[PDB]
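Chains as they are written, first to last, in the entry's author numbering: chain G, 2 to 211; chain A, 387 to 577; chain C, 387 to 577; chain F, 360 to 463; chain E, 360 to 463; chain D, 360 to 463.
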Amino acid sequence: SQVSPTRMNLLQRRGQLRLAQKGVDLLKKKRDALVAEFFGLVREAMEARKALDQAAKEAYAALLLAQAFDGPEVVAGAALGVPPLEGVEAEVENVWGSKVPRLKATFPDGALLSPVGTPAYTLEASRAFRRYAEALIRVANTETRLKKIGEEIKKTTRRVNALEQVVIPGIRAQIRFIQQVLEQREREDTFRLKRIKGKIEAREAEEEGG
Amino acid sequence: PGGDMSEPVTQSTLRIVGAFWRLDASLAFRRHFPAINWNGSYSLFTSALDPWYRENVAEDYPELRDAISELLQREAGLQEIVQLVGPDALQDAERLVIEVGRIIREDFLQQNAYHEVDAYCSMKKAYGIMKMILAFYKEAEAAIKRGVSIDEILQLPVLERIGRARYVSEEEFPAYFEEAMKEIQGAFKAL
Amino acid sequence: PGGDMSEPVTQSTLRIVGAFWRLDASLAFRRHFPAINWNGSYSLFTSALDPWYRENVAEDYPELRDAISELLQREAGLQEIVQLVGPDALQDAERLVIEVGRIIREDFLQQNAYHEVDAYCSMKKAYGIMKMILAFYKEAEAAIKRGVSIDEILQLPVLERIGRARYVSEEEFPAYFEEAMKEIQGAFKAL
Amino acid sequence: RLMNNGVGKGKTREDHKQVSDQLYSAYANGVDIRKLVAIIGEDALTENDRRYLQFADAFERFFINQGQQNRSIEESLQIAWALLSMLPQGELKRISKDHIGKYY
Amino acid sequence: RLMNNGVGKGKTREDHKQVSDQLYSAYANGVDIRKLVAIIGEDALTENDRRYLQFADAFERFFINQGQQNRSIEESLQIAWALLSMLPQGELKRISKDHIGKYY
Amino acid sequence: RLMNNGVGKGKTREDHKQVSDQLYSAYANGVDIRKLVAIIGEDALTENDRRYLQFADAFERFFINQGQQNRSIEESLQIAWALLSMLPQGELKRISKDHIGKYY
C-alpha cells in the first residue's frame with residue numbers, strides 16, 4: 002500500500018537483510034544434516050523381505066500337492082488363531098507445517114494355531130507367514146518414512162530457493178532506493194546553502210561602502 | 387521530528403548524558419504503555435546502585451534481576467528464528483522460553499497511568515512479582531525435562547493467577563504472593 | 387522520471403484531480419495496451435454515473451459489471467498463495483477461480499488499438515462479453531459442486547468460442563450474444 | 360488523547376475502559392498472525408491460534424463496516440461484545456473478571 | 360515502437376507482421392514454466408509444456424546465436440519457420456491460415 | 360590486521376601463532392550449532408560436534424569473562440589449551456602435533 006519512506010529505515014531495513022541473509026545463509030547448513038539422515042534410511046529398506054518372500058512362494062505353490070482346494074479348507078478349519086487384525090501405533094516425529102502421523106502396526110501374526118498336526122503343508126505354509134508378515138512390516142514402515150522425509154528435504158530446499166533469490170535481490174532493491182534518495186536530499190542542501198554564502202559576501206561587499 | 391534517531395539534535399543527547407531509554411514506536415501502536423524497547427535502551431547507572439539496593443530492598447535482588455534480563459535480552463535469540471520458519475519446528479525448550487517471556491512483557495511491563503490503582507508500586511511489591519516468574523521458569527524447565535509438556539501447562543489455571551496478579555494492592559500483596567508460593571510446588575509435582 | 391510515484395508532479399496532480407488511471411511498467415513487458423492497472427485506479431464518479439448507466443446500457447449493468455470486480459479482486463489474493471504453494475495443493479473448487487480470472491484478461495484487456503476491431507467498442511459489446519463470463523462461473527460452480535473435477539470444464543470448447551469475443555464486427559454482435567448464450571447453458575449441460 | 364475523561368463514569372457503560380483496550384489489543388494480535396500465516400504455510404496454527412485469525416476478517420468486515428445507517432452508543436457496544444464473544448474466555452486478560460461475565 | 364510499417368506485402372514479406380507476435384507469445388509461456396520447475400517438480404507439469412520447453416531451447420541457443428556469419432532476411436524467416444515447427448498447429452492462434460500450410 | 364610480527368618462537372612464546380588460529384575457527388563452528396539446535400533438538404548431533412557445543416559454553420562463561428582478575432600472557436595461554444581439550448583430539452589440525460604432545 003505504501004512505498005517505504007525516506008529515512009530511518011536505512012539502518013533498520015539493512016538489518017532486515019542482516020537477519021535475513023544470515024538466517025538464510027545458515028538455514029542451508031541447518032538442512033545439510035537432515036540430508037545426511039535421509040541416507041541412513043535409504044540403505045536399509047528391502048533387504049530380508051525380498052529374501053524370505055522367495056521361499057515363501059516355494060511352499061505357496063508347492064503346498065498345492067492336492068491342497069488345491071484344501072487351502073479353502075485349512076483357512077476355514079484354521080484361521081483367526083494368531084492375531085490377524087489391529088495393532089497400529091501412530092507415531093509422531095518431526096513434521097513441519099500442518100502436522101503428519103506415521104506409524105508401525107505390529108501385533109502377533111504367524112505360527113501354528115491349528116489343533117494338533119493335521120495336514121503338513123498347512124503348518125509349513127503358515128510358517129511362511131512368520132517370514133512374510135514380519136518382513137512386510139519393515140518395508141511398510143521404512144518406505145513410508147523415506148518418502149515423507151523426502152518431501153521435507155525438497156520443501157526445505159524450496160524455501161532455500163525463494164529466500165535465496167527472491168527476497169534478497171528484492172529487499173536489496175529497496176535499500177538502494179533509500180540510498181539515492183537520502184543522498185539526493187543533500188545535494189540540494191549544499192547547493193541551497195552555497196547561495197546563502199554568496200549573499201553574505203555580495204551583501205557585505207557593499208558594507209565596505211564608498 | 388522524524389523517527390530517525392539519526393537526526394542531530396537527538397543524537398547529540400546521547401554521548402553527553404548517560405541513562406538512555408528509547409521509546410519504541412511500533413510497540414506502542416498496539417496498546418501497551420509505557421512500553422519501551424529494551425533492546426534499544428540502556429542505562430549506565432546500574433552498578434553504583436548496588437549498595438543501597440542490597441540493604442534497603444533485599445540482599446539477593448540484583449542476582450534475581452539479572453536472571454530476568456537473562457531471559458529477556460536473550461529471548462530475541464529465538465525471536466528471529468521464529469520469523470524465519472515460524473514457531474513451528476521450534477520444539478520445547480524452545481517454546482518454553484518464548485512463552486515465559488511472552489508473559490514477562492504481557493504482565494511485567496505494562497502499567498497504566500489511568501488504571502485506578504496499580505499504577506505505582508513499591509519495590510518490595512514489584513520485587514515480589516518478579517520472583518514468581520523465575521520460579522515458574524525453573525519448575526517448567528524441570529517439567530519438560532521430567533516428561534510432560536508446556537502445552538497443557540499454559541492451559542493450567544495456575545497460569546492466569548500469575549496473570550491478573552499485578553492488580554491486587556499492597557495490603558493483600560504479601561499473602562497473595564504467599565498463596566502462590568504454596569500453589570507452585572504442588573501444581574507441578576501433581577501433573 | 388522514476389516511474390515511481392514520488393516526484394512532486396505526481397503528487398501534485400492528485401489533489402486537483404478527479405480520478406486516476408495509473409499505468410505500470412511491469413505489465414508493459416508482457417504487452418497489454420493499455421497497461422491500465424486494475425490495481426491502481428479509482429474513479430470518482432461511479433456513484434454519480436449510475437443514472438445514465440442503468441437507463442441506457444441495460445439495467446443488468448450497474449450490478450453485473452461490479453460483480454466482476456469481485457472476481458478480479460480475489461484473483462490477486464489467491465495468486466500469492468498459488469506461488470506460495472503451486473497451482474496444485476489448493477482446494478479443488480478454487481482452481482476454478484484462477485482461470486476464470488485468466489479469461490477476464492484474455493477477453494477484457496488487450497485490444498491492441500491497431501486492428502480494426504478495437505477502435506470504438508460500445509458498452510453494448512462490452513457488457514456483452516462481460517455477462518457471458520459471469521454466467522460461466524455459476525455454471526461451473528454447480529458442475530463441480532456436484533463433484534465433477536474442475537479440470538473438466540477447462541477443456542470444453544465453449545471457452546474457445548469466447549476467446550474470439552473481441553473479434554466480431556460490431557453490427558453482428560447480437561449474433562453471438564444469444565446464440566452462444568445458449569451454447570453455454572446448452573453444451574455445458576451435457577455434463 | 361482526551362478520552363480518559365468523560366467515559367463510563369455515568370457517561371458510558373462502566374464497560375468501556377476495559378473494552379477498548381481488549382478489543383483493540385485483540386486486533387493488534389490479530390493481523391499479526393496474518394503475516395506469520397502467510398509465510399509458514401496456509402496455516403499451521405494451533406487451535407488456540409485459529410480462533411484469532413477467524414476474528415480478523417470478522418472485525419474488519421462486520422463491525423468497522425457500516426452503512427449510512429447510524430448507530431447509537433448502545434447498539435455499538437452490543438456488537439462490540441459480540442466480537443469479543445468469539446474468543447473463548449481465559450484469553451481476555453485485559454478485561455477483568457466481573458465485567459466479562461456481566462454481559463458475556 | 361514501429362513495426363507496423365516496413366512490414367508485409369508490397370514491401371517486406373507478408374509474414375513479419377504475422378510471425379511477430381507468435382514467437383513473442385511462444386517465448387512467454389516458456390519462462391512461466393521455467394519458474395515452476397524450480398518450485399514444485401519436474402514431473403508435476405503437463406506435457407503440453409515439454410514442447411514449449413524444448414521450443415525455448417531452440418529459440419535459445421539455436422536461433423538467437425548467429426555467429427559472426429551473417430544471415431539474411433529471407434534466411435531469417437526461413438529458419439523462423441523452423442522455429443515454429445515443433446509446436447502443434449492447434450495452438451498458434453496468431454497466424455492466418457494460408458501461411459500455415461505454405462510453410463513447415 | 361598486523362599482528363604477525365607479534366608473538367614468536369624466539370620472541371615471546373612459540374606456540375601462540377597457532378593458538379590464535381585455533382580458537383577462532385573453532386569458535387565460529389560452534390556458534391551455529393547453538394542456533395540450529397533450536398530447530399532439530401539435540402538428538403541429532405554426532406559425537407565430535409556435540410562436544411563443539413559445550414566448548415562454547417565454557418568459552419563464553421569463563422574464558423572471556425575476567426572480572427577484575429588481571430592475568431598475563433602466559434597464564435592465559437594455558438587456560439585456552441585446557442578448554443580445547445574438551446573437544447576430541449587429533450583433529451585440531453591447524454595446530455601442529457608437537458605442541459599438543461606437550462600440553463593438554
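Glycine included, C-beta positions come from ideal geometry on N, C-alpha and C.
Close to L395 of chain F, with beta-carbon spacing below 9 Å, are these residues of chain A in chain order: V468, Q469, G472, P473. At a beta-carbon threshold of 9 Å, the residues of chain A lying near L20 of chain G are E466, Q469, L470, ordered along the chain. Neighbours of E401 of chain F across chain C, judged by C-beta separation under 8 Å: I467, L470, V471. In chain order, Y411, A415 place their CB closer than 6 Å to the CB of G389 of chain E, counting only its own chain and leaving out the 5 sequence neighbours on each side. Within the stretch 397 to 423 of chain C, the residues whose Cβ lies closer than 9 Å to some Cβ of chain E are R416, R417, listed in chain order.
Straight-line measurement puts the Cα of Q166 of chain G at about 12 Å from the Cα of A174 of chain G. The continuous alpha helix (DSSP H) containing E492 of chain C extends over residues 480 to 492. Not flagged as an interface residue toward chain D: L11 of chain G, since no C-beta distance is shorter than 8 Å. For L442 of chain D, the secondary structure class from DSSP, reduced to helix, strand or coil, is helix.
DSSP places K105 of chain G inside the beta strand (DSSP E), whose first and last residues are 103 to 106.
Pairwise C-beta distances place the stretch 416 to 427 of chain A in contact with the stretch 489 to 499 of chain A, as three or more of them are shorter than 8 Å. For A505 of chain A, there is no enclosing alpha helix (DSSP H), since its DSSP letter is neither H nor E. Taking 8 Å as the cut-off, the Cβ atoms of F418 of chain E and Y386 of chain E count as close. Our two residues, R453 of chain E and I392 of chain E, have alpha carbons roughly 21 Å apart in a direct line.
A check of alpha carbon separations from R552 of chain C across C:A512, C:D478, C:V483 identifies C:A512 as the nearest. Sixteen is the threshold: since fewer than 16 other Cβ atoms of the shown chains lie within 10 Å of the Cβ of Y463 of chain E, the residue is exposed. CA-CA distance, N364 of chain E to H375 of chain E, rounds to 10 Å. In the DSSP assignment, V89 of chain G falls within the beta strand (DSSP E) that extends over 89 to 92. Look at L400 of chain A here: in three-state DSSP terms it is strand. Chain G places no beta carbon closer than 8 Å to that of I423 of chain D, leaving this residue out of the contacts.
Spanning the alpha carbons of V471 of chain A and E90 of chain G requires a straight line of approximately 29 Å.
Per the DSSP secondary-structure output, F406 of chain C pairs in a beta bridge with C:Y428. Straight across, the Cα-Cα distance linking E184 of chain G with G389 of chain C is about 19 Å. Inclusion of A434 of chain A and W97 of chain G in the CB contact set at 8 Å is not warranted, their separation being larger than that value. CA-to-CA, the gap between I459 of chain D and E450 of chain D works out to about 11 Å. Neighbours of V4 of chain G in chain C, taken as residues whose beta carbon is under 9 Å from its own, are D390, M391, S392 in chain order.
For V25 of chain G, the enclosing alpha helix (DSSP H) stretches over residues 10 to 45. Under a criterion of Cβ atoms nearer than 7 Å, no residue of chain C is adjacent to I392 of chain E; the nearest Cβ is some 12 Å distant. Residue nearest to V403 of chain C within the set C:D410, C:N425, C:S429 is C:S429 (criterion: CA-CA distance). With a cutoff of 8 Å on beta-carbon distance, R360 of chain D and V366 of chain D are scored as not near each other. For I454 of chain F, the secondary structure class from DSSP, reduced to helix, strand or coil, is coil. Contact check for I169 of chain G and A46 of chain G: beta-carbon distance about 39 Å, past the 8 Å limit, so the pair fails to qualify. Residues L11, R14, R15, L18 of the same chain have their beta carbon placed closer than 8 Å to that of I176 of chain G, with the five preceding and five following residues left out of the count.
Looking from the CA of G487 of chain C, the closest CA among C:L495, C:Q497, C:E461 belongs to C:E461. Of the candidates C:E449, C:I484, C:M518, C:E485, C:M518 places its Cα closest to the Cα of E564 of chain C.
When secondary structure is reduced to three states using DSSP, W97 of chain G falls in the coil class, being assigned neither helix nor strand.
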